[PDB]
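Chemist: I have a structure I would like to understand better, so I am pasting it below and will then ask my questions one at a time.
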């Protein structure tokens, strides 16, 4: 049965992630930007019902609701080639293009104020999807709508669909880079709290890591927010390749969440891409072994998560899932598991179930893969506890020094005090402590 | 024997809709703009005398009367390419160029002034009709001619043709006396029409804009959508089938109670021909699921969360290549999924009839679905009409204009009793959604 | 159905012609609204499908024997929705009991309309003599005519109860008495008959009363 996902885009970064993911899904399923299925995808093996909702025009339309309080991202999404690919009725655009002002409290207020409109789009997508599994919230942890509206959207999806998985593509702020929002620390903390409480699983997409990985591994000088959104789209297309092309294992989001999240609360996932190189980096007659792919993904130059290289937090993978796109030999997958276990190519959490699965699945036929073996890494590592600690410390620095506290206290969430930011930092700290415990034998 | 239908068009919008419907019927039976049946539709199995009066010059003369108290609309209707197609003896234009003036009272006064003329046209259409099922009056409850003339025509038709079905096509406005007129037209439909089909302009425009992608809809597109829905509902009468070839059966199916005559309409696919359904066979099940979606209804009936709107009865006439087995599967799946919520005054009435679209009228969908459903959600639209009428009557808004006319000359009592009738209809429709409508009259 | 909605107004001027009109209207409305879905169900069980089945069966005949079965298959397709088998004669007789009840309600509505017209004739038949006598210069009310009119009005008010009770039984029965046939219809093994059981609708006394309908 198809399992549609309601892609909720909040903030500029979230709208870019959602639009790029929709474009990547249309390309991989062979759906043209007008939604009219591309001529090469009529016989496509893509489970278009599974990934995209079939509109009245039969356009392969992902159940995507783009809700942003700033009109710039909404206009760019509506101006993308894929405008007719997705259903227009699920895109709610706030005429007040003022945004949340990089304040998570203001973002949550905006999400709740557009809760009727956004919850309407979410429920419309659920009714328009045969077996809508849950909602995927692409937003920015440092933005106001992305962090705040991301929290509001995650909470709204959890309340309307408590039995539906709430996955978040939360753009974590640069903990090593001075955020332009002094209240961006509070916004990041609130987005992390939303990920921990109103979201079932949070994929932290640290823009500092995006720039670092693009510059060092992909040789992309200064990755832009557009570049981060494009990378997110490529990673999403890699993760949904097995969604469009039906495989034998990990056929649903709930199954992937179970295989990657031994702790129901500690579902915050760090990201990595393997091989991490520019498309111009043609692996010269290099038969990428499954073990070689595992080593390259485990290489920090290939991880797309800005996890502070904190020697205090013993980063270890709670669960490791290697999503391989292309022609991958299943026997080579078993050999890769053996070689990675022997060479310790991946460090696992000491207090989580050992999950090293080698599953062979096909990519979307409409999505051409330049590398015979492409790799997307979703790993639950305690280094995310380092990134969460950096975010929490930044949030504490903003709350304690009243950095952008005028903007934070201007919203009802922090009207009395920076309670929303403080509870957010507390939730982030608790998650970081639990993740460090998970890498430690004492988590259980 | 042919089973004709007498169509009375009141007001400018009604006359335009009548001209469009006559052209649609002509295209369905393959009748040219002069009414002459096309060579490809001469040997049709359609009973064209059922929809249009058959002129001996091989012209399908629609048994329609185009009535407009303003010469502009009447002249445009008689200047249309269907001027020779429509019989001129059935078209009456009020020489009194004052019109009904968007007042139900003035419309009723004008209708009383031309009561003999309308009854004469109805009788002439019956004479030109073989086995006429009844008369359908198309008018706007907020317009002057539509509301007042609808009431006058309904009273005259109830007096002259009680054994013929009384179909009313209420075209809701998208006039300060518009609320009193709405009450008056609601009273007229509830008192002299055996079945009233609500065509709300707000929801019709919303559906047209959502599917046809038309911004700021004009009356023409709403009239075209109404004509398409009517042709899909009349495909059984136009093409002599095996069952439901008469409007009486549909009226009994949707309004077994004459008072709960509020029939809502649905069209599938509700998308422009430009809206390209990519290799999507609009199956009976797909069309049913789209109709189960309230977004495809072209009637602005209040979706009250407090009132559990439910379909008292639903009959889907699928015109085109629609499989009867797929239709039965779609009906069963809609009943099981409760895509249509039904009243306790009668169990889940969801009927699926596989019908053929007229061969001379091109049908882009292999299986399309037109729904004539009596649902309690229309009771919210009745509540809205009653509220508008009360808003005008309580302050007598444009009650002065009706006071110039007989219906409100003494006071705004015609609009007040009319709004009372609309409220009573809303309450009755809610009872029809309730289990007690069987014993409500008991 | 149209008469139950219309002919009540033939003599909808006497309270004696109220219970009969309303109750018989309830009966007719329930039966017709229930049969509205049954019309399409019959139009598709063996009507819409059997013709195409016959066309397909004849579509492969390439011999006299090959064409022999082409029409026999259409015969079976059409005959399937008639329950004409002696074993199926239980459900067939139940359905014919439904048809008999529809015929009986037709006769009841005919009686109701006769009461609405013949009994409405007395209210105006006697007005001719008085109308002419007024012009002729006569005065007073004829005792024989007044007493005859009083007897006719009393008959129209008291014997209308026979119509009222018959129509009340009809109002109850159109959705209730259908249960003897519906016992078999509720056990619809055929998916088409199960669809009829899923849309055994618009009764006003079957879903509320008959357990299978609600």
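Protein chains in written order, with the authors' numbering: chain a, 1 to 444; chain b, 1 to 174, 181 to 448; chain B, 684 to 897. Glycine included, every Cβ here is placed at the ideal spot set by N, Cα and C.
Nearest chain a C-beta to residue 276 (chain b) closer than 9 Å, yes or no?
Modeler: Position 270 of the second chain, counted from the first residue, corresponds to residue 276 (chain b). Answer yes: the Cβ-Cβ gap between residue 276 (chain b) and chain a drops below 9 Å somewhere.
Chemist: So with Cβ pairs under 9 Å, would you call residue 197 (chain b) a contact of chain B?
Modeler: Counting from one through the second chain, the residue named residue 197 (chain b) turns up at place 191. No, no contact with chain B.
Chemist: What residues in the stretch 156-173 of chain b have a beta carbon less than 8 Å from any beta carbon of chain B?
Modeler: Per Cβ criterion, the list reads 162, 163, 165.
Chemist: Contact criterion: CB-CB distance below 9 Å. Does residue 492 (chain a) meet it with respect to chain b?
Modeler: Here chain a comprises residues numbered 1 to 444, so residue 492 (chain a) is not present and cannot be evaluated.
Chemist: At the level of alpha carbons, what is the spacing between residue 20 (chain b) and residue 40 (chain b)?
Modeler: As a working mapping, residue 20 (chain b) is identified with position 20 in the second chain. As a working mapping, residue 40 (chain b) is identified with position 40 in the second chain. Their Cα atoms are separated by approximately 21 Å.
Chemist: Can you confirm whether residue 301 (chain b), when its beta carbon is compared against all beta carbons of chain a, has any partner nearer than 9 Å?
Modeler: Within the second chain, numbered from 1, the residue matching residue 301 (chain b) stands at position 295. Answer yes: the Cβ-Cβ gap between residue 301 (chain b) and chain a drops below 9 Å somewhere.
Chemist: Anything in the stretch 379-406 of chain a with a Cβ closer than 9 Å to a Cβ of chain b? List those residues in chain order, please.
Modeler: Against chain b - using a Cβ distance shorter than 9 Å - the stretch 379-406 of chain a contributes no residues.
Chemist: Please give me, in chain order, every unbroken run of the alpha helix (DSSP H) with length at least 4 that falls completely inside the stretch 305-369 of chain b.
Modeler: List check, alpha helix (DSSP H) in window: 330-343.
Chemist: What residues in the stretch 729-750 of chain B bring their beta carbon closer than 7 Å to a beta carbon of chain D?
Modeler: Considering every chain present, this structure includes no chain D. Its protein chains are a, b and B.
Chemist: Per DSSP, which residues does residue 428 (chain b) bridge with? Please list them.
Modeler: Within the second chain, residue 428 (chain b) is the residue found at index 422, counting from 1. Paired residue(s): none; residue 428 (chain b) is not in a bridge.
Chemist: Among residues of its own chain, excluding the 5 on either side of residue 119 (chain a), which ones have a beta-carbon nearer than 7 Å to its beta-carbon?
Modeler: Here residue 119 (chain a) refers to the residue found at position 119 of the first chain. Only 156, 160 meet the Cβ criterion.
Chemist: Do you know how far the Cα of residue 244 (chain b) is from the Cα of residue 876 (chain B)?
Modeler: Reading the third chain from its first residue, position 193 is the one you call residue 876 (chain B). Reading the second chain from its first residue, position 238 is the one you call residue 244 (chain b). Near 29 Å, if we compare the C-alpha coordinates of residue 244 (chain b) and residue 876 (chain B).
Chemist: To the nearest angstrom, how far is the alpha carbon of residue 176 (chain a) from that of residue 219 (chain b)?
Modeler: The sequence position of residue 176 (chain a) within the first chain is 176, counting from 1. The sequence position of residue 219 (chain b) within the second chain is 213, counting from 1. Going by the C-alpha atoms only, they are around 48 Å apart.
Chemist: List the whole-angstrom C-beta distance separating residue 700 (chain B) from residue 843 (chain B), where the pair is believed to meet the contact cut-off of C-beta under 8 Å.
Modeler: Taking the first residue of the third chain as position 1, residue 700 (chain B) is located at position 17. Taking the first residue of the third chain as position 1, residue 843 (chain B) is located at position 160. Contact flag correct, Cβ pair sits at about 5 Å.
Chemist: Would DSSP call residue 707 (chain B) helix, strand or coil?
Modeler: In the third chain, the residue the question calls residue 707 (chain B) occupies position 24. Residue 707 (chain B) falls in the helix class under three-state DSSP.
Chemist: Does the beta-carbon distance from residue 352 (chain b) to residue 262 (chain b) come in below 9 Å?
Modeler: Locating residue 352 (chain b) in the second chain gives position 346, counting from the first residue. Locating residue 262 (chain b) in the second chain gives position 256, counting from the first residue. Yes, they are a contact pair.
Chemist: Leaving out five residues before and five after residue 389 (chain a) in sequence, what residues of the same chain have Cβ atoms less than 6 Å from its Cβ?
Modeler: Stepping through the first chain from its first residue, residue 389 (chain a) is reached at position 389. Contacts found: 432.
Chemist: If you check the beta carbons only, do residue 249 (chain b) and residue 730 (chain B) fall under 9 Å apart?
Modeler: As a position in the second chain, residue 249 (chain b) is number 243, starting the count at 1. As a position in the third chain, residue 730 (chain B) is number 47, starting the count at 1. Their beta carbons are under 9 Å apart, which means residue 249 (chain b) touches residue 730 (chain B) by this criterion.
Chemist: Any beta carbon of chain b sitting closer than 9 Å to that of residue 793 (chain B)?
Modeler: Numbered from 1 along the third chain, position 110 holds the residue referred to as residue 793 (chain B). With 9 Å as the cut-off, residue 793 (chain B) does not count as an interface residue toward chain b.
Chemist: Which residue or residues does DSSP assign as beta-bridge partners of residue 381 (chain a)?
Modeler: Taking the first residue of the first chain as position 1, residue 381 (chain a) is located at position 381. Answer is a:317.
Chemist: Can you tell me whether residue 688 (chain B) is helix, strand or coil according to DSSP?
Modeler: As a position in the third chain, residue 688 (chain B) is number 5, starting the count at 1. DSSP places residue 688 (chain B) in helix when its eight states are reduced to three.
Chemist: Let's see if you can read the secondary structure: which residues bound the beta strand (DSSP E) around residue 161 (chain b)?
Modeler: In the second chain, residue 161 (chain b) corresponds to position 161, counting from 1. Segment: none, residue 161 (chain b) is in no beta strand (DSSP E) and carries neither H nor E.
Chemist: Between residue 685 (chain B) and chain b, is the shortest Cβ-Cβ distance under 9 Å, so that the two count as touching?
Modeler: The sequence position of residue 685 (chain B) within the third chain is 2, counting from 1. Interface residue, yes.
Chemist: Can you confirm whether residue 356 (chain b), when its beta carbon is compared against all beta carbons of chain B, has any partner nearer than 9 Å?
Modeler: Within the second chain, numbered from 1, the residue matching residue 356 (chain b) stands at position 350. True, the Cβ-Cβ gap to chain B drops below 9 Å.
Chemist: Just mark residue 167 (chain a) as buried or exposed, buried being the case when its beta carbon has 16 or more other beta carbons within 10 Å.
Modeler: Residue 167 (chain a) sits at position 167 when you count from the first residue of the first chain. Answer is buried; the Cβ neighbour count reaches 16.
Chemist: If residue 172 (chain b) sits next to residue 228 (chain b), beta carbons under 8 Å apart, how far is it from one beta carbon to the other, in whole angstroms?
Modeler: In the second chain, residue 172 (chain b) corresponds to position 172, counting from 1. In the second chain, residue 228 (chain b) corresponds to position 222, counting from 1. That belief does not hold up - the Cβ atoms of residue 172 (chain b) and residue 228 (chain b) are roughly 10 Å apart, past 8 Å.
Chemist: Residues of chain b with a CB under 8 Å from the CB of residue 37 (chain a): which are they?
Modeler: Counted from its first residue, the first chain places residue 37 (chain a) at position 37. In chain order: 284, 285.
Chemist: Looking only at its chain, what residues have a beta carbon closer than 6 Å to the beta carbon of residue 332 (chain b), apart from the 5 residues adjacent to it on each side?
Modeler: One-based indexing of the second chain puts residue 332 (chain b) at position 326. Within the same chain, residue 332 (chain b) has close Cβ partners 289, 290.
Chemist: Ordered along the chain, which non-local residues of its own chain (more than five positions away) have a Cβ less than 6 Å from that of residue 128 (chain a)?
Modeler: Within the first chain, numbered from 1, the residue matching residue 128 (chain a) stands at position 128. 53.
Chemist: Give the residues of chain a in contact with residue 281 (chain b), contact being defined as C-beta atoms less than 9 Å apart.
Modeler: Position 275 of the second chain, counted from the start, is the residue given in the question as residue 281 (chain b). Simply 56, 57.
Chemist: Would you say residue 327 (chain b) faces chain B, with C-beta separation under 9 Å as the test?
Modeler: The residue given as residue 327 (chain b) occupies position 321 in the second chain. No, its Cβ sits nowhere closer than 9 Å to a Cβ of chain B.
Chemist: Taking the CB atoms as reference points, tell me whether residue 132 (chain b) and residue 64 (chain b) lie closer together than 9 Å.
Modeler: Indexing the second chain from 1 puts residue 132 (chain b) at position 132. Indexing the second chain from 1 puts residue 64 (chain b) at position 64. No, they are not a contact pair.
Chemist: Tell me, please, whether the stretch 348-365 of chain b touches the stretch 395-408 of chain b by the rule of three or more beta-carbon pairs shorter than 8 Å.
Modeler: They do not touch, by the three-pair rule.
Chemist: In this structure, does DSSP put residue 178 (chain b) in helix, strand or coil?
Modeler: There are no coordinates for residue 178 (chain b) in this structure, because the numbering of chain b runs from 174 directly to 181.
Chemist: Measure how close the beta-carbons of residue 455 (chain b) and residue 153 (chain b) come, nearest whole angstrom, since I'm counting them as under 8 Å.
Modeler: For chain b, the structure presents residues 1 to 448; residue 455 (chain b) sits outside this window and is missing.
Chemist: Using Cβ-Cβ distances below 8 Å, what residues of the stretch 216-233 of chain b are close to chain a?
Modeler: Residues passing the 8 Å Cβ filter: 216, 217.
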